[PDB]
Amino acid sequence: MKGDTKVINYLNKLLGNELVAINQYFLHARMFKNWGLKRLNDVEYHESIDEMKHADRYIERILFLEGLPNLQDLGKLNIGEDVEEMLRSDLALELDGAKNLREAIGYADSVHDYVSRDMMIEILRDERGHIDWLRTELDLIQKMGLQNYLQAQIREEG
C-alpha cells in the first residue's frame, strides 16, 4: 500500500538530517577521542549510534510505504574547530531538525498516518534529550570558559 506522498517526502527530508547528524557526531566523537576527551567521545559516539537507529527507523518506514529512501544526497556537515564550536554546531543541527520534525508530525497527524506520526514523536523525544544535554554543557562552557571546562573534563574523568 503506497503511503501519503508528502509523508514519504517528510520522512526522506528527516532521514537527510539524520544522515548529516550521524557523520557530524561520529567525526566530532573521534576528534574528542583523539584529543583525549574520553567523556565527550563516549557521549558523542552514542549520540551518533542513536542517530543511526533513527535513520534505520526512517528507512524501514519509507520502504514500507513504498517510497525510495534517499541515502545519496548528504547535506552540509558543520564540523567545529574546537570543542565549543563542535557542540554549538550539534545544537544548531538538532534544533533545525526538531522544527522539521514537529512540522512533519503535524502533517502526518492531519492525514491520519498515526503510525508515522508516533514514530516521529518517539524520535523527537530522543532528540530533545540531546538538546537538553547540549544546553547544559554549553552553559558550563559559558560560565567556566572553554579552557577551564576542558581541564575539568580531563581532571574529572581521570
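Residues carry their position along the shown sequence, with the first being 1.
In this entry, the higher average B-factor at the C-alpha atoms falls on 114 to 122, of the pair 22 to 30 and 114 to 122. Here the stretch with the larger average CA B-factor, out of 105 to 113 and 85 to 93, is 105 to 113. Per the deposited record, the Cα B-factor of residue 58 falls in the lowest third when ranked against the other modelled residues of its chain. Among the modelled residues of its chain, residue 65 has a C-alpha B-factor that falls in the highest third according to the deposited record. Per the deposited record, the Cα B-factor of residue 48 falls in the lowest third when ranked against the other modelled residues of its chain.
Among the modelled residues of its chain, residue 141 has a C-alpha B-factor that falls in the highest third according to the deposited record.
In the PDB entry, a CA B factor belonging to the middle third of its chain's modelled residues is recorded for residue 9.
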